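The data below hold one chain only, encoded as structure tokens and taken in the form deposited without the named molecule.
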């Protein structure tokens, strides 16, 4: 298991997300689903010129899996996935995101719900999760598990327990007071409200 430090600005963004009083937390689902859709667009596009890219799975979809027993909500997609480098760069650094602009925006009156317009929607997961585990598999690399409870660091390790063909799984270990997001009616309401136009099937698993 390798431990990494988030780039300063990313740690600062996470702190803002976790400590800022903001009740409209439900937008976290919209942001993760949007990331999955983008990931699906990528593999869809690449498969146009190279059909073998789908040998790891032709189905392009998004699955929502609540589990009250483990108190987790998992967003799974069969998108492009992330190589080890992609994981570390995408989640541990500013990279191509608008992290800087977002933080400045918040001081200029912007709202946290606007996070997705700055390429950092993933971090909205910390509005409801105390810990986030990301399992991912890209055609060009092995399966990896990224994990962080914030605090300035994250870990990365190989993941062999259960292979996932291709894609990304975002496991949200919910805060004790955010279990409403495990309720079927609540999840359906949120998807219909913010993700009704996603161009891939979204299946809500029953417990």
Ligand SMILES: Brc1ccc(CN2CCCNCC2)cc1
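Only residues modelled in both forms are compared. Positions refer to the first chain, counted from 1. Rigid core: the largest C-alpha set superposing within 1.5 Å between the two forms.
One more form of this protein exists, namely the form deposited with the named molecule bound; it is left out here, but the text below deals with it.
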query	finding
Partner contact for residue 1 in the deposited bound form: the named molecule, 4.5 angstroms, heavy atom	no
Within 4.5 Å of the named molecule in the deposited bound form: residues from 171 to 189 (heavy atom criterion)	188
Core-fitted Cα difference of 2 Å or more between the shown form and the other one, single residue among 74, 93, 83, 113	93
Cα-Cα shift for residue 96 and residue 199, closer or farther in the deposited bound form, minimum 3 Å	farther
Direction of the Cα shift between residue 140 and residue 92 in the deposited bound form, where the change is 3 Å or more	closer
Segments of at least three residues whose Cα atoms shift by 2 Å or more between the shown form and the other one, after superposing on the rigid core	90 to 97
